[PDB]
Amino acid sequence: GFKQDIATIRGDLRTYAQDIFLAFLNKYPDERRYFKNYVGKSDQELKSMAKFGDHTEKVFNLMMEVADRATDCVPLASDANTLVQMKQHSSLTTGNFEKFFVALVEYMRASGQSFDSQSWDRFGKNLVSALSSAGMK
Ligand code: HEM
Ligand SMILES: Oc1ccc(Br)cc1
(Lines give C-alpha, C1' and ligand atoms only; values in the text may rest on other atoms or scores of the structure.)
(Ligands and ions follow the chains in the order given, each with its own letter.)
Protein backbone atom coordinates (compact mmCIF):
# COMPACT_ATOMS: atom_id res chain seq x y z
CA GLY A 1 0.00 0.00 0.00
CA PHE A 2 0.86 3.70 0.26
CA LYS A 3 2.97 3.29 3.43
CA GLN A 4 5.05 0.53 1.80
CA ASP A 5 5.47 2.70 -1.28
CA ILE A 6 6.98 5.45 0.92
CA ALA A 7 9.42 2.79 2.24
CA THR A 8 10.24 1.60 -1.27
CA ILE A 9 10.91 5.12 -2.52
CA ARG A 10 12.89 6.07 0.56
CA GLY A 11 15.03 2.95 0.29
CA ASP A 12 16.41 4.16 -3.03
CA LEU A 13 15.46 7.83 -2.79
CA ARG A 14 18.00 9.30 -5.24
CA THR A 15 17.22 6.85 -7.99
CA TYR A 16 13.41 7.15 -7.75
CA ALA A 17 13.69 10.91 -7.37
CA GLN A 18 15.77 11.24 -10.55
CA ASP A 19 13.62 8.81 -12.52
CA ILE A 20 10.35 10.36 -11.56
CA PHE A 21 11.56 13.93 -12.03
CA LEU A 22 12.86 13.07 -15.52
CA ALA A 23 9.52 11.34 -16.28
CA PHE A 24 7.82 14.58 -15.36
CA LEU A 25 10.06 16.68 -17.61
CA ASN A 26 9.71 14.16 -20.45
CA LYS A 27 5.92 14.18 -20.26
CA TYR A 28 5.75 17.99 -19.87
CA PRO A 29 8.87 19.34 -21.54
CA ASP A 30 7.73 22.93 -21.24
CA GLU A 31 8.16 22.58 -17.48
CA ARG A 32 11.94 22.47 -17.88
CA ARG A 33 11.87 26.26 -18.27
CA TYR A 34 11.57 26.53 -14.45
CA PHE A 35 14.93 24.83 -14.09
CA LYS A 36 17.18 27.10 -16.08
CA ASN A 37 20.32 25.07 -15.31
CA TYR A 38 18.77 21.87 -16.69
CA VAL A 39 17.82 23.35 -20.11
CA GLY A 40 19.76 21.82 -22.96
CA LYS A 41 21.43 19.04 -20.96
CA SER A 42 21.15 15.38 -21.54
CA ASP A 43 20.14 13.07 -18.64
CA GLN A 44 23.74 11.95 -18.18
CA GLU A 45 24.95 15.59 -18.08
CA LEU A 46 22.28 16.34 -15.46
CA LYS A 47 23.47 13.39 -13.39
CA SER A 48 27.01 14.92 -13.49
CA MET A 49 25.73 18.16 -11.91
CA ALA A 50 25.84 18.18 -8.09
CA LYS A 51 22.68 20.28 -7.75
CA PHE A 52 20.61 17.96 -9.96
CA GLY A 53 21.06 14.96 -7.67
CA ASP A 54 20.91 17.11 -4.55
CA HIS A 55 17.84 18.99 -5.31
CA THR A 56 15.84 15.80 -6.79
CA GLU A 57 16.65 14.07 -3.65
CA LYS A 58 15.61 16.96 -1.43
CA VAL A 59 12.32 17.36 -3.33
CA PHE A 60 11.47 13.72 -2.91
CA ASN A 61 12.56 13.64 0.73
CA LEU A 62 10.12 16.42 1.47
CA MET A 63 7.47 14.73 -0.61
CA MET A 64 7.90 11.50 1.39
CA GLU A 65 7.69 13.34 4.66
CA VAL A 66 4.43 15.04 3.56
CA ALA A 67 3.12 11.66 2.35
CA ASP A 68 4.04 9.95 5.64
CA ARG A 69 2.36 12.71 7.72
CA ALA A 70 -0.90 12.39 5.72
CA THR A 71 -3.87 10.47 7.07
CA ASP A 72 -5.54 8.33 4.38
CA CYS A 73 -3.75 10.35 1.70
CA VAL A 74 -4.99 13.67 3.09
CA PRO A 75 -1.95 15.90 3.74
CA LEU A 76 -1.52 18.40 6.54
CA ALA A 77 -2.48 21.97 5.63
CA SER A 78 0.77 23.06 7.24
CA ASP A 79 2.71 20.96 4.71
CA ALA A 80 0.76 22.43 1.84
CA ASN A 81 1.52 25.88 3.17
CA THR A 82 5.27 25.11 3.28
CA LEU A 83 5.10 24.27 -0.41
CA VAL A 84 3.14 27.40 -1.26
CA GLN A 85 5.39 29.77 0.68
CA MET A 86 8.73 28.47 -0.62
CA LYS A 87 10.39 31.19 -2.58
CA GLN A 88 11.38 28.60 -5.15
CA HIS A 89 7.65 27.98 -5.86
CA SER A 90 6.54 31.65 -6.02
CA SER A 91 5.60 31.67 -9.65
CA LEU A 92 3.96 28.23 -9.78
CA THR A 93 0.31 27.36 -9.88
CA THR A 94 -1.55 24.26 -8.89
CA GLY A 95 -1.41 23.04 -12.53
CA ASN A 96 2.38 22.62 -12.16
CA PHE A 97 1.72 20.25 -9.26
CA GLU A 98 -1.11 18.47 -11.05
CA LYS A 99 1.25 17.69 -13.95
CA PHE A 100 3.91 16.48 -11.53
CA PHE A 101 1.48 13.99 -9.99
CA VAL A 102 0.11 12.83 -13.32
CA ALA A 103 3.66 11.99 -14.37
CA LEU A 104 4.40 10.31 -11.00
CA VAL A 105 1.32 8.09 -11.25
CA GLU A 106 2.03 7.25 -14.89
CA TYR A 107 5.57 6.24 -13.90
CA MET A 108 4.20 4.02 -11.14
CA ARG A 109 1.72 2.34 -13.46
CA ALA A 110 4.44 1.68 -16.09
CA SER A 111 7.05 0.43 -13.63
CA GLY A 112 6.08 -3.18 -13.42
CA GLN A 113 6.29 -2.80 -9.41
CA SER A 114 3.21 -3.00 -7.18
CA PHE A 115 2.91 0.68 -6.26
CA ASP A 116 -0.48 1.72 -4.96
CA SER A 117 -1.02 4.11 -7.90
CA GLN A 118 -4.56 4.95 -7.05
CA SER A 119 -3.46 6.23 -3.65
CA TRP A 120 -0.72 8.40 -5.10
CA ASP A 121 -3.28 9.88 -7.52
CA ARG A 122 -5.63 10.63 -4.65
CA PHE A 123 -2.79 12.05 -2.51
CA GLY A 124 -1.90 14.34 -5.40
CA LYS A 125 -5.47 15.48 -5.81
CA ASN A 126 -5.74 16.20 -2.08
CA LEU A 127 -2.42 17.99 -2.02
CA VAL A 128 -3.50 20.19 -4.95
CA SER A 129 -6.76 20.99 -2.98
CA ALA A 130 -4.63 21.97 -0.02
CA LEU A 131 -2.21 24.08 -2.08
CA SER A 132 -5.12 26.11 -3.42
CA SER A 133 -6.58 26.55 0.09
CA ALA A 134 -3.16 27.83 1.21
CA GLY A 135 -3.24 30.47 -1.50
CA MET A 136 -1.55 28.99 -4.60
CA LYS A 137 -3.29 30.22 -7.79
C1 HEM B 1 4.98 17.91 -4.04
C2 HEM B 1 5.89 18.27 -5.00
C3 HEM B 1 7.08 19.12 -4.69
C4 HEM B 1 7.87 19.14 -3.55
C5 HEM B 1 7.79 18.27 -2.40
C6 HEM B 1 8.88 20.14 -3.87
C7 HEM B 1 9.94 20.40 -3.01
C8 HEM B 1 11.02 21.25 -3.25
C9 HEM B 1 12.16 21.39 -2.40
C10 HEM B 1 12.42 20.69 -1.09
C11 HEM B 1 13.02 22.27 -3.03
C12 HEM B 1 14.35 22.74 -2.56
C13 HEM B 1 15.49 21.86 -3.09
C14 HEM B 1 16.88 22.41 -2.73
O15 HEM B 1 17.17 23.60 -2.59
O16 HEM B 1 17.76 21.57 -2.70
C17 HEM B 1 12.37 22.66 -4.25
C18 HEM B 1 12.87 23.59 -5.22
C19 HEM B 1 12.27 23.95 -6.42
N20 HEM B 1 11.09 23.46 -6.85
FE21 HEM B 1 9.81 22.23 -5.92
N22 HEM B 1 8.70 20.72 -5.07
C23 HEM B 1 7.60 20.10 -5.61
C24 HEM B 1 7.07 20.42 -6.87
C25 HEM B 1 7.57 21.34 -7.82
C26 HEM B 1 7.01 21.55 -9.10
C27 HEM B 1 5.77 20.98 -9.67
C28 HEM B 1 7.82 22.49 -9.72
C29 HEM B 1 7.76 23.12 -11.04
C30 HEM B 1 7.17 22.55 -12.05
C31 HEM B 1 8.87 22.83 -8.76
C32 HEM B 1 9.86 23.74 -8.99
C33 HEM B 1 10.92 24.04 -8.09
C34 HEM B 1 12.01 24.87 -8.45
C35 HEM B 1 12.20 25.68 -9.69
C36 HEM B 1 12.89 24.84 -7.39
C37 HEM B 1 14.18 25.55 -7.21
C38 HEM B 1 15.09 25.15 -8.29
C39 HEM B 1 15.79 24.03 -7.78
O40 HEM B 1 15.83 23.73 -6.54
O41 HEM B 1 16.33 23.33 -8.71
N42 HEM B 1 8.67 22.12 -7.62
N43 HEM B 1 11.15 22.05 -4.39
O1 LIG C 1 15.88 20.83 -8.67
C2 LIG C 1 14.60 20.34 -8.60
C3 LIG C 1 14.37 19.03 -9.04
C4 LIG C 1 12.97 18.56 -9.03
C5 LIG C 1 11.71 19.34 -8.70
BR6 LIG C 1 10.17 18.72 -8.90
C7 LIG C 1 12.18 20.64 -8.26
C8 LIG C 1 13.51 21.09 -8.20
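Every number for a ligand or one of its atoms is a count from 1 in the order of the listing. Residues take their numbers from the sequence shown, with the count starting at 1.
Aromatic ring centres of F24 and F101 lie farther apart than the 6.0 Å criterion allows.
Looking only at heavy atoms of the protein, atom 10 (C) of ligand 1 is closest to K58 O, 3.7 Å. In this structure, atom 32 (C) of ligand 1 lies nearest to the protein heavy atom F35 CZ, 3.6 Å. Of the protein's heavy atoms, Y34 O, 3.3 Å lies nearest to atom 35 (C) of ligand 1. What sits closest to atom 5 (C) of ligand 2 on the protein, heavy atoms only, is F21 CE1, 3.3 Å. In terms of protein heavy atoms, atom 7 (C) of ligand 2 is closest to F35 CE2, 3.2 Å. Nearest protein heavy-atom contact of atom 27 (C) of ligand 1 is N96 O, 3.5 Å. When hydrogens are left out, the protein atom nearest atom 13 (C) of ligand 1 is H55 ND1, 3.9 Å; that is the closest non-hydrogen contact. When only non-hydrogen protein atoms are considered, atom 24 (C) of ligand 1 lies nearest to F97 CE2, 3.3 Å.
Counting only protein atoms, the N, O or S atoms lying less than 2.8 Å from atom 21 (Fe) of ligand 1 are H89 NE2, ordered by chain and residue number.
Between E31 and ligand 1, not a single N/O pair is under 3.5 Å apart.
For the pair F60 and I20, the minimum side-chain heavy-atom distance is below 4.5 Å. Between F97 and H89 there is a side-chain heavy-atom pair separated by less than 4.5 Å. Within the 4.5 Å cutoff, the side chain of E106 has heavy atoms near those of the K27 side chain. Within the 4.5 Å cutoff, side-chain heavy atoms of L46 are placed close to those of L22. Within the 4.5 Å cutoff, the side chain of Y107 has heavy atoms near those of the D19 side chain. Residues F21 and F52 meet the side-chain proximity criterion, which asks for heavy atoms closer than 4.5 Å.
In terms of heavy-atom proximity, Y38 sits nearest to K51 at OH-O, 3.7 Å.
By the 4.0 Å heavy-atom criterion, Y38 is counted among the residues contacting ligand 2. For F52, the heavy-atom gap to ligand 1 stays at 4.0 angstrom or more. Under a 4.0 angstrom heavy-atom cut-off, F24 registers as being in contact with ligand 1. The shell of residues lying under 4.0 angstrom from ligand 2, judged by heavy atoms, excludes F52.
A distance-only check finds a donor-acceptor pair linking the side chain of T82 to the backbone of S78 [under 3.5 Å]. With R69 contributing its side chain and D79 its backbone, the two residues share no donor-acceptor pair below 3.5 Å.
The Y38 neighbourhood of ligand 1 comprises atoms 41 (O), with distances under 4.0 Å to a heavy atom of that residue. Per-residue contacts place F100 under 4.0 angstrom from the following atoms of ligand 2 (heavy atoms of the residue considered): 6 (Br). If you number the atoms of ligand 1 from 1 as listed, the ones under 4.0 Å from a heavy atom of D54 come out as 16 (O). The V59 neighbourhood of ligand 2 comprises atoms 4 (C), 5 (C), 6 (Br), 7 (C), 8 (C), with distances under 4.0 Å to a heavy atom of that residue. For ligand 2, the atoms lying closer than 4.0 Å to a non-hydrogen atom of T56 are 3 (C).
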Would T8 and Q4 count as a side chain to side chain donor-acceptor pair (under 3.5 Å) if you check the C-alpha gap in whole Å, the side-chain angles of each, and the deciding distance to 0.1 Å? CA-CA 6 Å; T8 294; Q4 175 55 37; 3.1 Å; yes

Test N37 against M49 for side-chain contact (heavy atoms from CB on, under 4.5 Å), laying out the working first. CA-CA 9 Å; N37 291 327; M49 289 168 55; 4.2 Å; yes

Apply salt bridge (charged side-chain N to carboxylate O under 4.0 Å, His left out) to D43 and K47, showing your working. CA-CA 6 Å; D43 297 357; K47 290 172 183 182; 5.8 Å; no

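Within 6.0 Å of the CD atom in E65, the count of heavy atoms belonging to other residues, nucleotides or ligands exceeds 12.
A salt bridge links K3 to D68: at least one charged side-chain nitrogen sits closer than 4.0 Å to a carboxylate oxygen.
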